[PDB]
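K.L.:
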Amino acid sequence: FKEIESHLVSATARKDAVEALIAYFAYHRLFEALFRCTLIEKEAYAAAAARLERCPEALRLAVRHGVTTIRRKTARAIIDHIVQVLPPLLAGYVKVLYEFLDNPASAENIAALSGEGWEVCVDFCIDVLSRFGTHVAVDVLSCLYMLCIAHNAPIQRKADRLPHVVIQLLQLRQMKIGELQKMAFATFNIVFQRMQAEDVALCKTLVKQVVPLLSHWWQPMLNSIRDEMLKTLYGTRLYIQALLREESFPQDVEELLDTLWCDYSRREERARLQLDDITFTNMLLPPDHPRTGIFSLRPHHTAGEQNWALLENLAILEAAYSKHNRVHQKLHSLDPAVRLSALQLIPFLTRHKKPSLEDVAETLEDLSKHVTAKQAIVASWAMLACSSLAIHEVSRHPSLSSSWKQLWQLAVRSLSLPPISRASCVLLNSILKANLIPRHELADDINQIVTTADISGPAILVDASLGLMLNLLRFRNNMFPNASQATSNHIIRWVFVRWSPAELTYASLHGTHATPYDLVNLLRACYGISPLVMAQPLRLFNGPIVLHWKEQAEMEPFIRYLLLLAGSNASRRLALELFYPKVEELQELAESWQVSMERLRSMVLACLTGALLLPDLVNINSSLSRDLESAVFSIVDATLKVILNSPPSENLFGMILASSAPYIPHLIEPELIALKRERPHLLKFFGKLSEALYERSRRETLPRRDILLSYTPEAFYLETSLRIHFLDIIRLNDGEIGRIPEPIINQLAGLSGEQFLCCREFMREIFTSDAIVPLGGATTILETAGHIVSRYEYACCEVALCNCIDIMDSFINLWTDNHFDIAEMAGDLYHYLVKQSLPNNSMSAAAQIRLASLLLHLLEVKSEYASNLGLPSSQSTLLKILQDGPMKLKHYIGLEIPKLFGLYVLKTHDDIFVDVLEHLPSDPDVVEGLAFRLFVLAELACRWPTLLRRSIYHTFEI
Numbered sequence: 009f010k011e012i013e014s015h016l017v018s019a020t021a022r023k024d025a026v027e028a029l030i031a032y033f034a035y036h037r038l039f040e041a042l043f044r045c046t047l048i049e050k051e052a053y054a055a056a057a058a059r060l061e062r063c064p065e066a067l068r069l070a071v072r073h074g075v076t077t078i079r080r081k082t083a084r085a086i087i088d089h090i091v092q093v094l095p096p097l098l099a100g101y102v103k104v105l106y107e108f109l110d111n112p113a114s115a116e117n118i119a120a121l122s123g124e125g126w127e128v129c130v131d132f133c134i135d136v137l138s139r140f141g142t143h144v145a146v147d148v149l150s151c152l153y154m155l156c157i158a159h160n161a162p163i164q165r166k167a168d169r170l171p172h173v174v175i176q177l178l179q180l181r182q183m184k185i186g187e188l189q190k191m192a193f194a195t196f197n198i199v200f201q202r203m204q205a206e207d208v209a210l211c212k213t214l215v216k217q218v219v220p221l222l223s224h225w226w227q228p229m230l231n232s233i234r235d236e237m238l239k240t241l242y243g244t245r246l247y248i249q250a251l252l253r254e255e256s257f258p259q260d261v262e263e264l265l266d267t268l269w270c271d272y273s274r275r276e277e278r279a280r281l282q283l284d285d286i287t288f289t290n291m292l293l294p295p296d297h298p299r300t301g302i303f304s305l306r307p308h309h310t311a312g313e314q315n316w317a318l319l320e321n322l323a324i325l326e327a328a329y330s331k332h333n334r335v336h337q338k339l340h341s342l343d344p345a346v347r348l349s350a351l352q353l354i355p356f357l358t359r360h361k362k363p364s365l366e367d368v369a370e371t372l373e374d375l376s377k378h379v380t381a382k383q384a385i386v387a388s389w390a391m392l393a394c395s396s397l398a399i400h401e402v403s404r405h406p407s408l409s410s411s412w413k414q415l416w417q418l419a420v421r422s423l424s425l426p427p428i429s430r431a432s433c434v435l436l437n438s439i440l441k442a443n444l445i446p447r448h449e450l451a452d453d454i455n456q457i458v459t460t461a462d463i464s465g466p467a468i469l470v471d472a473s474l475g476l477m478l479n480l481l482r483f484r485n486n487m488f489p490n491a492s493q494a495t496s497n498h499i500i501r502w503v504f505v506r507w508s509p510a511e512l513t514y515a516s517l518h519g520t521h522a523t524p525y526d527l528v529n530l531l532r533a534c535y536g537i538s539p540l541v542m543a544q545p546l547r548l549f550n551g552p553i554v555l556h557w558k559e560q561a562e563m564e565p566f567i568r569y570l571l572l573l574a575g576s577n578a579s580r581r582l583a584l585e586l587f588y589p590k591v592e593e594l595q596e597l598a599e600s601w602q603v604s605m606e607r608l609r610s611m612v613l614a615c616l617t618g619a620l621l622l623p624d625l626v627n628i629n630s631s632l633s634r635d636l637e638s639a640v641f642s643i644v645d646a647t648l649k650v651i652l653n654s655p656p657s658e659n660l661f662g663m664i665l666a667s668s669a670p671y672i673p674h675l676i677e678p679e680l681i682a683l684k685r686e687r688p689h690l691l692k693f694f695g696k697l698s699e700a701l702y703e704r705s706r707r708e709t710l711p712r713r714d715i716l717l718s719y720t721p722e723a724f725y726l727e728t729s730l731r732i733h734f735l736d737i738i739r740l741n742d743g744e745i746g747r748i749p750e751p752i753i754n755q756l757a758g759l760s761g762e763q764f765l766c767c768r769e770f771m772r773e774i775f776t777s778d779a780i781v782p783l784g785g786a787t788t789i790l791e792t793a794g795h796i797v798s799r800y801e802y803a804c805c806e807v808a809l810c811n812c813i814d815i816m817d818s819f820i821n822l823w824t825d826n827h828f829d830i831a832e833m834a835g836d837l838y839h840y841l842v843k844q845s846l847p848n849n850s851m852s853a854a855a856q857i858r859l860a861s862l863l864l865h866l867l868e869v870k871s872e873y874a875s876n877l878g879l880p881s882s883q884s885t886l887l888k889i890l891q892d893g894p895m896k897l898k899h900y901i902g903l904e905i906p907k908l909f910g911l912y913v914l915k916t917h918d919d920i921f922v923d924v925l926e927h928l929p930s931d932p933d934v935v936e937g938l939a940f941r942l943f944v945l946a947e948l949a950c951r952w953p954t955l956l957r958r959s960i961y962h963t964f965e966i
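Under the numbering used here, the very last position in the sequence shown is 966; numbers go up by exactly one each time.
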């Protein structure tokens, strides 16, 4: 290689050196060799062509092998060589670029001190495209995209020609479909997400251009292309509603509406938003979840998000087009698939249409026409649409009251067919909650349902069946207080007649619908004890579409502004008798196993339901107690042993964690005390699960670098594993509550650089909670969390910075109390983040937000720490950040700045207000700046009355 290095910088030397390199496949020197060798051959211009094609092939194969131990010096060197040698060698050089950018930390660390080199690369690719091989063109758009996904990529500078380039390319209505269009739409999404609240004019023009081009490349791979176009529609959802309120665009948008309808209506039954992609359960799902009026997207469904995305976006664009009745016409359509699609689009749309009395009445008449459609699909969806409309204030008008009776009627009989036993139940429940029919017309039918329970019972025992049965139990303990054991005993009989877990039709068809939460809540009601607690939002993971929507979710108010738009013992023994056979049959089915997803999931839901109500069914103590516990836990053990010895491709542990999570508590001391007092059998379950986890680990990089990495499947599984470990240790120690168990910390500080970032939400959750941590605990945790941030592969990535800021925030009051051993570490890290990380153009938007929160919290504890360490004051850093920062950070701070005036005596508020206003945006050519200024002044005013005078004065001033 040394003599070969001299050989490169005589064709037997060059071609031979490249052959020896290919055989091969500090570095800086060989890289110089290759560069100047290609240059010597370039000036020394078919053999010439072959040697030119073959030298940077060796180059690119070297940049796929030292691209790990490369640094910014070698980065700039390679980049300037690529842009200097070329004024033939397109594909080789572009390949070197592609393989240099494939490593994300590379294209992020080039977004350092200036953006000179980043702009060099982006302009390289823009010029290359605007010249436009064809596959090389795809690689050009790919490396352009790979540059644009860097949340500290300075885009605003080279943001004039870039979108026009990308969406000028796409206007070509040929080159049937491939990576080209997927990458076109990916760069569009990212650049638009940047420039969504800066350069409003550019954006309105762009959307006026890409609402047409979207109604063409939606020709009815294609999975990912429909996904990118649905993300695009999620973005543009606001410019469309603004433009329609401001005349080609109406024609174009209507044509696009009809392309969406024509595409969705020929999707007959497999992938058409099946009725198993929604749940009617009354769990505490998080607020940012996707939901519509009655149902909501089934948790942990990364496979049914595209259909919900399409229907959600279509409902929004339709209620935003009929604003400036396509749906009722399509409802009276002829082709049955069109009527089915118009039956699906009723709840999504009524979530935001605010219909009038005539429209509600008419649509309801037609739906009562469609309810009896002899068809599981159509009758079901029709009843769901009806029960979506039945939850207004418009529906409670007498002009259609008998109509409700009709629908009630058309459901009271439609309860015994397992095809439509779910939707029908929903309907009943809806009418029994909104009170559209008085409490004497509907008493005989309820008596029939609850006393008979074999005809006009909810034939299937799913989420909505249990909801309705609970509402009926309460109705009948409210009207006929005498004969309440009748209700409770009929209820228990129905529950244990319908709940057959160890059967193929149940376990495979509607096993996913029914959850242990609903079962045990109904049973605890009919005994008479109490609900399950479930006092916090469920934890779940999502897929790309919903995550991307969760990115553009905090900033939608600023875009709606910038755009200007003893008997109990009888019943318990009854239930125990009726229940034990279920466990016996389950244990026989389990002994046979020493297998699919559905049978195994049903068995684990059954063992959860068993472990939940053991503390119920032991006060019986009629010798069917010991046997019950032993049998339940024998099922649990057999299940775990099927789970372990299995391929990690089914991912059964995904199933068990996803099912068992909603019962894991919050990790504070009082809740972990009430888990040792009320539900201990759940704790024994969690112990067995922890053992299986430990052992499966004994047997054997980053999916996304956003702030949302902790909502992807990988992160959810890691956080759940560690909460399970935590609960197990707490159970065993029995008094080591709260005090973070040193084994848990040693499992925290014994992970990889890819996982410490994944479990950061778990670290936040434990540490923020009041919990004695060992000295070495906080010290070691902080040592490792800091070490992640100084590796040149994480020095720029968003997630590492956010995580180290959060961990410093967790122990805010150790270093700012005394001088410990940790105070030096936090000093070093504060200094590196403030003085060094921030002006280097390395902190991203979410990193700057997390640092703003760190500072705003620091002022409430020390308020001068940054001086006693030798830096400018914290407030100085905060406002310096406010002046220069991507509008997302400006919005966050302006929203949480009116809390900065809470740490100061009332005498000095106009002084602080002068100081702040010194650091706002103000320039007449920039209208976004003035918009932000008026925004923050309105916020201060609407919170602090002291600053109302100056807020109004400066609002009228500009």
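Even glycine gets a Cβ: it sits at the ideal position worked out from N, Cα and C.
1) So, for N479: in the same chain, excluding its five sequence neighbours on each side, which residues have a beta-carbon less than 8 Å away from its beta-carbon?
2) Quick one: what's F303 bridged to in DSSP?
3) Taking the alpha carbon of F488 as the point to measure from, which residue in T728, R447, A115 has its own alpha carbon closest?
4) Need the endpoints of the alpha helix (DSSP H) that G123 sits in, please.
5) Could you check how far apart the C-beta atoms of residue 967 and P623 are, in whole angstroms? I think they sit under 8 Å.
6) In angstroms with no decimal places, state the Cα-to-Cα distance between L238 and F196.
7) Please classify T287: does DSSP put it in a helix, a strand, or coil?
8) Given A515, which residues of its chain have a CB within under 7 Å of its CB, disregarding the five upstream and five downstream residues?
9) What's the call for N627, buried or exposed, on a 16-neighbour Cβ count within 10 Å?
10) If you drop the 5 nearest sequence neighbours on each side, which residues of the same chain put their C-beta closer than 7 Å to that of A161?
11) In the DSSP assignment, find the alpha helix (DSSP H) that holds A561 and state where it starts and stops.
12) Return helix, strand or coil for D836, following the three-state DSSP convention.
13) Compute the distance between the beta-carbons of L42 and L16, then report whether it is under 8 Å.
14) If you count every other CB in all the chains shown that lies within 10 Å of the CB of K896, and 16 or more means buried, which is it?
15) Following the continuous alpha helix (DSSP H) through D271, name the residue where it begins and the one where it ends.
16) Can you tell me the Cα-Cα spacing of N111 and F356, whole angstroms?
17) Using only the alpha-carbon positions, how far apart do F200 and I163 sit?
18) What does a CB cutoff of less than 6 Å around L29 pick up in its chain, not counting 5 residues either side in sequence?
19) For the alpha helix (DSSP H) that contains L890, what are its first and last residues?
20) Can you name the start and end residues of the alpha helix (DSSP H) that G618 belongs to?
21) How far does the alpha helix (DSSP H) with residue 1039 in it reach, from first residue to last?
22) Please tell me whether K413 and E373 are closer than 8 Å, where the distance is taken between their beta carbons.
23) Please state if the CB of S718 and the CB of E769 are separated by a distance shorter than 8 Å.
24) Kindly indicate the opening and closing residues of the alpha helix (DSSP H) around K166.
25) Give me the Cα-Cα distance between residue 3 and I157, rounded to the nearest whole angstrom.
26) Can you name, in chain order, every residue of its own chain whose Cβ lies under 6 Å from the Cβ of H521, other than the five neighbours on each side?
27) For the stretch 346 to 420, list the beta strand (DSSP E) runs that are entirely contained and at least 3 residues long, ordered along the chain.
28) Would you call the stretch 872 to 886 and the stretch 176 to 190 in contact, with 3 or more CB pairs under 8 Å?
29) By the 10 Å Cβ neighbour count, where 16 or more other Cβ atoms means buried, how is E236 classified, buried or exposed?
30) With H, G and I counted as helix, E and B as strand and the rest as coil, what does DSSP make of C767?
31) With a 10 Å radius around its C-beta and 16 neighbouring C-beta atoms as the bar for buried, classify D714 as buried or exposed.
32) Nearest to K590 by alpha carbon, out of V505, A461, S600?
33) Quick one, are the C-beta atoms of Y725 and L660 less than 8 Å apart?
34) Kindly give me the distance between the Cβ atoms of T310 and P721, rounded to whole angstroms, as I take these residues to be in contact under 8 Å.
35) Can you list, in chain order, the residues of its chain whose CB lies under 7 Å from that of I815, leaving out five sequence neighbours each side?
36) For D736 versus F694, is the C-beta distance shorter than 8 Å?
P.N.:
In short:
1) What you label residue 479 is simply residue 471 of the sequence shown in a count that begins at 1. For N479, the CB contacts under 8 Å within the same chain, skipping 5 residues up- and downstream, are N437, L440, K441 in chain order.
2) Position 295 of the sequence shown holds residue 303. Beta-bridge pairing by DSSP links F303 to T300.
3) Here residue 488 refers to the residue found at position 480 of the sequence shown. The residue with the shortest Cα to Cα distance from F488 is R447.
4) Here residue 123 is taken as the residue at index 115 of the sequence shown, counted from 1. DSSP places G123 outside any alpha helix (DSSP H), giving it a letter other than H or E.
5) A query on residue 967 cannot be resolved here, the shown segment of the chain reaching from 9 to 966 and no further.
6) Here residue 238 refers to the residue found at position 230 of the sequence shown. Here residue 196 refers to the residue found at position 188 of the sequence shown. Their backbone Cα atoms lie some 12 Å apart in a straight line.
7) In the sequence shown, residue 287 corresponds to position 279, counting from 1. Correct three-state label for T287: strand.
8) Walking along the sequence shown from the start, residue 515 turns up at place 507. Within the same chain, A515 has close Cβ partners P509, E606, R607, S610.
9) Within the sequence shown, residue 627 is the residue found at index 619, counting from 1. The residue in question, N627, is exposed, as its Cβ has fewer than 16 Cβ neighbours within 10 Å.
10) For this step, residue 161 is matched to residue 153 along the sequence shown. Closer than 7 Å at the Cβ level, and outside the excluded window around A161, lie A119, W126, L155.
11) To locate residue 561, count along the sequence shown from 1; it is residue 553. It is not in any alpha helix (DSSP H) - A561 carries neither H nor E in the DSSP assignment.
12) Counting from 1 along the sequence shown, the entry for residue 836 is found at position 828. Of the three classes helix, strand and coil, the one that applies to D836 here is helix, per DSSP.
13) Position 34 of the sequence shown holds residue 42. Position 8 of the sequence shown holds residue 16. In this structure, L16 lies closer than 8 Å to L42 by Cβ.
14) Residue mapping note: residue 896 aligns to position 888 of the sequence shown, counting from 1. With 16 or more other Cβ atoms within 10 Å, it is buried.
15) Numbered from 1 along the sequence shown, position 263 holds the residue referred to as residue 271. Note, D271: alpha helix (DSSP H), 256 to 273.
16) Your numbering for residue 111 matches position 103 in the sequence shown. Your numbering for residue 356 matches position 348 in the sequence shown. About 41 Å.
17) Here the question's residue 200 lines up with position 192 in the sequence shown. Here the question's residue 163 lines up with position 155 in the sequence shown. Between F200 and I163, the C-alpha separation is close to 10 Å.
18) The sequence position of residue 29 within the sequence shown is 21, counting from 1. Exclusion of the five residues before and after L29 leaves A66 as the residues of its chain whose Cβ lies within less than 6 Å of its Cβ.
19) Position 882 of the sequence shown, counting from 1, holds the residue named residue 890. For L890, the uninterrupted alpha helix (DSSP H) segment begins and ends at 882 to 891.
20) On the sequence shown, residue 618 is found 610 positions in, with the first residue counted as 1. For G618, the enclosing alpha helix (DSSP H) covers residues 605 to 620.
21) Residue coverage of the chain in this structure runs from 9 to 966, which leaves residue 1039 outside it and unanswerable.
22) For this step, residue 413 is matched to residue 405 along the sequence shown. For this step, residue 373 is matched to residue 365 along the sequence shown. No, the pair does not count as a contact, with Cβ atoms beyond the cut-off.
23) Taking the sequence shown and counting its residues from 1, the one referred to as residue 769 is at position 761. Taking the sequence shown and counting its residues from 1, the one referred to as residue 718 is at position 710. Yes, these two residues count as a Cβ contact at 8 Å.
24) As a position in the sequence shown, residue 166 is number 158, starting the count at 1. Looking at the DSSP string, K166 is not in any alpha helix (DSSP H), and its letter there is neither H nor E.
25) Residue 3 is absent from the model: the chain starts at 9 and stops at 966.
26) Position 513 of the sequence shown, counted from the start, is the residue given in the question as residue 521. Contacts found: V470, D471.
27) Taking only runs of at least 3 residues, no beta strand (DSSP E) segment lies wholly in the stretch 346 to 420.
28) The stretch 872 to 886 is not in contact with the stretch 176 to 190.
29) Taking the sequence shown and counting its residues from 1, the one referred to as residue 236 is at position 228. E236 should be labelled buried.
30) For this step, residue 767 is matched to residue 759 along the sequence shown. Under the three-state reduction of DSSP output, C767 falls in the coil class, being neither helix nor strand.
31) Counted from its first residue, the sequence shown places residue 714 at position 706. So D714 ends up on the buried side.
32) Translated into the one-based positions of the sequence shown, residue 590 becomes position 582. Of the candidates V505, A461, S600, the one whose C-alpha sits nearest the C-alpha of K590 is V505.
33) To locate residue 725, count along the sequence shown from 1; it is residue 717. To locate residue 660, count along the sequence shown from 1; it is residue 652. In this structure, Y725 sits away from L660, with a CB-CB distance that is not shorter than 8 Å.
34) Here residue 310 refers to the residue found at position 302 of the sequence shown. Here residue 721 refers to the residue found at position 713 of the sequence shown. Confirmed, about 7 Å.
35) Locating residue 815 in the sequence shown gives position 807, where the first residue counts as 1. Excluding sequence neighbours, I815 sits near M771, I789, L790, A793.
36) Translated into positions along the sequence shown, residue 736 becomes position 728. Translated into positions along the sequence shown, residue 694 becomes position 686. Closer than 8 Å, so yes.
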